[PDB]
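Worksheet: the structure to be examined is printed underneath.
Naming convention: chains lettered A, B, ... in sequence-line order (proteins, then strands); numbering from 1 in each chain. Counting convention: from 1, in listed order, for ligands and their atoms alike. Reckoned from all heavy atoms, side chains included, excluding hydrogens, waters and symmetry mates.
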Amino acid sequence: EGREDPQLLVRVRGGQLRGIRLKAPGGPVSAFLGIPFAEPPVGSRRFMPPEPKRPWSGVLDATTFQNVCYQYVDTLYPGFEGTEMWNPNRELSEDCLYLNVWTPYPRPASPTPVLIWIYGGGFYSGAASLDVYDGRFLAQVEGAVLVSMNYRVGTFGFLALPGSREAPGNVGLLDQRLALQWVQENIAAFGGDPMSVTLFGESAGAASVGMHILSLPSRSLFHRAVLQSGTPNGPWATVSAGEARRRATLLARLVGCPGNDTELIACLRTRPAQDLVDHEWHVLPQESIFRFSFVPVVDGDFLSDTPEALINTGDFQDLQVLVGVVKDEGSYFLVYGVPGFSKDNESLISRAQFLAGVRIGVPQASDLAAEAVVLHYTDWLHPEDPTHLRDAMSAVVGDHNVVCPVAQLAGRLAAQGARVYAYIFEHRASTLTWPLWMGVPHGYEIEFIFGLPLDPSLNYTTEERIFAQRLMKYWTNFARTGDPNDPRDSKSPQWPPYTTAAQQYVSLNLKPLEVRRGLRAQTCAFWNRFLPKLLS
Amino acid sequence: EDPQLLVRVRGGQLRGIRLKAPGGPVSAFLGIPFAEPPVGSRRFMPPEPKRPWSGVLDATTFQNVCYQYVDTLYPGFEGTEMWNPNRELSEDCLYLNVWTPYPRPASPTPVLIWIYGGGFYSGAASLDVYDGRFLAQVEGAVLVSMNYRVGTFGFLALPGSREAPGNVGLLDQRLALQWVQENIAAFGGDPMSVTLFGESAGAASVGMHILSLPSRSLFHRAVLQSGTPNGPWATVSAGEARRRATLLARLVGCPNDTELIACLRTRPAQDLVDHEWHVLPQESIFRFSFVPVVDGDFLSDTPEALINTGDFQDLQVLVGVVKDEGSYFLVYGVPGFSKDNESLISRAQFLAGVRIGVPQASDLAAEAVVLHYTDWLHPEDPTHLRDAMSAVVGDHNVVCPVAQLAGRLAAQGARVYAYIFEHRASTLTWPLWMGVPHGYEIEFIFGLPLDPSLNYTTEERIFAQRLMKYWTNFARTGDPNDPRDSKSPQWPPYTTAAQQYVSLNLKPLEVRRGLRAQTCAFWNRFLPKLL
Ligand SMILES: Nc1ccc2c(c1)c(-c1ccccc1)[n+](CCCCCCc1cn(CCNc3c4c(nc5ccccc35)CCCC4)nn1)c1cc(N)ccc21
Ligand SMILES: Nc1ccc2c(c1)c(-c1ccccc1)[n+](CCCCCCc1cn(CCNc3c4c(nc5ccccc35)CCCC4)nn1)c1cc(N)ccc21
Ligand SMILES: *[C@@H]1O[C@H](CO)[C@@H](O)[C@H](O)[C@H]1NC(C)=O
Ligand SMILES: *[C@@H]1O[C@H](CO)[C@@H](O)[C@H](O)[C@H]1NC(C)=O
């Protein structure tokens, strides 16, 4: 060993690690980046469940982020910070099953609450190495141990021929689970407490957290959960076994792969990764937004039944969850495929463009159901006002895909024994490069939770820095105790739990917490109670 | 003998009576026959004009009320008995009433013709709330009201038959309108300025005269209070009238059309009334057994079809609703509702109430109504459920049909003014939870609060004076705004763009936009698509 910072040498079950001392605003942190937690899922292991990483010899260098899992790279607005901040920032490879750990420097004396982040990206993209997921602030300021993992996305993570041995489905979820098992066995080496593990995630990451709540083998690996702008229930986070089969075999056809499952998957395994990515988007059943080709499948194994069935009959007595949404969940999706919408103008649309947007934003809906949506979201005082139509198209997509599934989830969890806290995040970052009409888009709370505004080189306002400190405190208080409130700080306004009776939730913005009742209650009765009865 | 009380009409001489109003005397000619008594072989038949009479006909008292069911839900209760017949029932009931200023006007005066409501099964022009003396005295109006046949006698139809063609009660009204053209000048009225006004079924009747060409030369303007020709209760198809007519005949022991109607004509009047209510196709409220029928004659098509394609360019209309249209209907058949308690109901009672209040609705459609009107913050709160039940019935039957009518008339060239009446009378005997019920604006428009023996407040007297002005200004000019008052807030016309209407209450006029717009989109655009 010899001459190295002794605070950076650590042993886990697979061997020795060397981390790096990083600078955060208030002082140093330790990071162990690029720790392998699985055998590289390459070759005959593509589409297969992950196997645990075999021990290595020598001191593994854990000072840089490892490869990003193979994925489609967004080129809608190339060169534009608003999109590129989500794009991969390391090399793409199928050899991507690595995780990251930040801890205080020096490492904590007594066992510390662990937070595990699961990124989103529609189950087709994402990486734990993106700047907005930087764990250094939470580790330095709140003393947290923060863990994030890469999991397979797209076909590599979710392509399924259900019932098969060679493509069983949900393997990306199994990568996540394996990283959680890794934290149970190994996080104490870093000063983390394996008995206090809080999962948090956004969008597909949040849906992922929800699937770990609903899947029994994952339940012993964590104690609390945070779902930001996503759920396992709802229209995009799962597919039936039949629909996944249909998408897998269509994709196979598109890349020249012909009849039994073994032979089809063996041929898919000979294809270059980039081939699979180039046809991934061509298997969706309609023109649509907020739909992704390869997502968790209701396999009868990882998911013993649909998420809707499991949240309706689950016993959630021992469970604390924090859930919420941003003010404008739907806005950004509109520029990825609704005619009339762009980031470079005000996107004022016509009534005709609104009806056409609804067919795309609600692709599974019949004619009757789409007229119901249109009639519900039309302002009948200004039925043709292009500003109102624009904002209504954003709300349709936001409510159908996020806000109403979250309200449904919170309601079922609460009624069935869970302690639930709910929020709406309404602060638009001063540094946002998306246009004003998009408001607070899907994903733009994350940089505040992780504490980026504390970095003075990023140019957030002082108020934003104080707001980020507040949120970091809510999230880590929740990780520590199951309650986002500070016990010592009595006079600060309280965040009451969500109940079916009172339906309380809080506004997260620059002003002190304000308590509201009813999470889009009238409109979510439309989506969650009425619309389903209009598919019978 | 007072020569202001002697008038010569086409059929002969009349003697009226000088009545006292608060501010001075008025002349009234009550009980003037405008048709041959529609009795015997004339039952179910179009009215024939009254034959001339000899001498001086005494027109100093109200005549008989048209034969009808008398309400016995709350016997001796003012709130119900004020709507019950106040003269003898008879099939011989085709008489009209005229109030005029005393002395009779020097120059020709705008004429207002009232058409009473009562679901096409009841009512009378003789009720105290239809007293024309206040409008006559204070505004100098000539006010006319007529009896028309109701129930089977007025609307029993075997469509296409010669002996029960349907809509005869509407033809009674039309004949009284013809009478006014030929005769009202003798009283100082202007036949060139005739405004129809009516409430509930009386309003739907006014609407049916708008939509029927032969009625259109008999008036110039119209007011429809809490009622429309479109909507779920004011018409039936020819097939459904035939069905109800032949069911009713079966219930009284009768018997082709000729034979069936001849046997019905032998039955005492009360036998017909006894079985009237048993022909409705479901358990329901705000539904009536014998109503105007889409005959292809008086009504050439459904009222929906006629308002959609009509040209209403030279028409001025005033329309509106009260704050709680559906409230009272609830105690006439929805389990859980009574006048004598607060009617706090359960969710289960709300779902059951909706099937009754929207009787034509499928399972899915009734679930949409329940889901729309539930407050999802307080889904089980009994106060919210009670008020929502009232709203369902009021919106489905009155408010939304009115918003649809106003919209179509405005889009198609009519000058339209709309209101919501929100003042609850201090003298109301119905309970607080019913709010401002269907019918309780009428006493204000007719000016009853000006009678100091009736114990309205001073504020109520001044409010009634304001309304009497709006209504008679409208009759005079087609515009309810006082052409003298150079201060605001003016009552603007209703249009499909702006959708402006006004609140009538003790406070000065307030202009609002959108008459239950979201909710009426539900009833008027979505539910039809749920066929
Ligand atoms: N080359 C093709 C061919 C066919 C289709 C393609 C692309 C696309 C397309 C997909 C991704 C990016 C651009 C275009 N689409 C559109 C997919 C539209 C749905 C995805 C929208 C989307 C895009 N991203 C990029 C990831 N970035 C983000 C995020 C998050 N937030 C934000 C906020 C603003 C901007 C981006 C962003 C938060 C979570 C993580 C990632 N995530 N989600 C198609 C759709 C069809 N129905 C059929 C075919 C095709
Ligand atoms: N004896 C029977 C037998 C069977 C049925 C009967 C009655 C009734 C019923 C009818 C009238 C009165 C009481 C009971 N109903 C109930 C019919 C519901 C429709 C009548 C509701 C109604 C009753 N009135 C009385 C006239 N009074 C008013 C009004 C107006 N406003 C008001 C305001 C408050 C109270 C009354 C009132 C304004 C305009 C004119 C008359 N108008 N409208 C049945 C229904 C069915 N589906 C089947 C069978 C039967
Ligand atoms: C904004 O830009 C898009 C795509 O370039 C275009 O289709 C749309 O019509 C524009 N909107 C307006 C009102 O300028
Ligand atoms: C932040 O502000 C500085 C100082 O003026 C500027 O030069 C820098 O480029 C900005 N950086 C970002 C992240 O926008």
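- Classified by interplanar angle (parallel below 30°, tilted 30° to 60°, perpendicular above 60°), the ring pair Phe222(A)/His212(A) is perpendicular.
- With respect to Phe158(A), the ring-ring contact (aromatic ring centres under 6.0 Å, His included) criterion is satisfied by exactly one of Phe123(A), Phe302(A), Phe294(A): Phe123(A).
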Full working for ring pair (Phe, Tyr, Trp, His ring centres under 6.0 Å) between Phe37(A) and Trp182(A): CA-CA 7 Å; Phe37(A) 66 90; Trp182(A) 186 99; 8.1 Å; no

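- Put simply, the side chain of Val403(A) reaches to within 4.5 Å of the side chain of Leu519(A), judged on heavy atoms.
- Applying the ring pair (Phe, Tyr, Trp, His ring centres under 6.0 Å) test to residues at least two apart or on different chains, the pairs with a partner in residues 334-356 of chain A are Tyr332(A)-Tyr336(A), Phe341(A)-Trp437(A).
- A donor-acceptor contact shorter than 3.5 Å is absent between the side chain of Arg152(A) and the backbone of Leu97(A).
- Using a 4.0 Å threshold on non-hydrogen atoms, atom 10 (C) of ligand 4 counts as touching the protein.
- The backbone N or O of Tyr77(A) sits less than 3.5 Å from a side-chain atom of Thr83(A), completing a donor-acceptor pair.
- Within a 4.0 Å radius of atom 14 (O) of ligand 4, the protein has at least one heavy atom.
- By the 30° and 60° cut-offs, the orientation of the rings of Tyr70(A) relative to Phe156(A) is tilted.
- One N or O on the side chain of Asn150(A) and one on the backbone of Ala128(A) form a donor-acceptor pair closer than 3.5 Å.
- Protein neighbours of ligand 1 below 4.0 Å, counting non-hydrogen atoms: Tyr72(A), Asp74(A), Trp86(A), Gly120(A), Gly121(A), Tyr124(A), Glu202(A), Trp281(A), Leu284(A), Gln286(A), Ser288(A), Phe290(A), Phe292(A), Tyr332(A), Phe333(A), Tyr336(A), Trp434(A), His442(A), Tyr444(A).
- For ligand 3, the atoms lying closer than 4.0 Å to a non-hydrogen atom of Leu348(A) are 13 (C).
- Within a 4.0 Å radius of atom 5 (O) of ligand 3, the protein has no heavy atom.
- Proximity to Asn345(A) (heavy-atom distance under 4.0 Å) selects the following atoms of ligand 3: 1 (C), 2 (O), 3 (C), 8 (C), 10 (C), 11 (N), 12 (C), 14 (O).
- Nearest non-hydrogen protein atom to atom 12 (C) of ligand 4 is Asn459(A) ND2, 3.3 Å.
- Distance remark: protein heavy atom present below 4.0 angstrom from atom 2 (O) of ligand 3.
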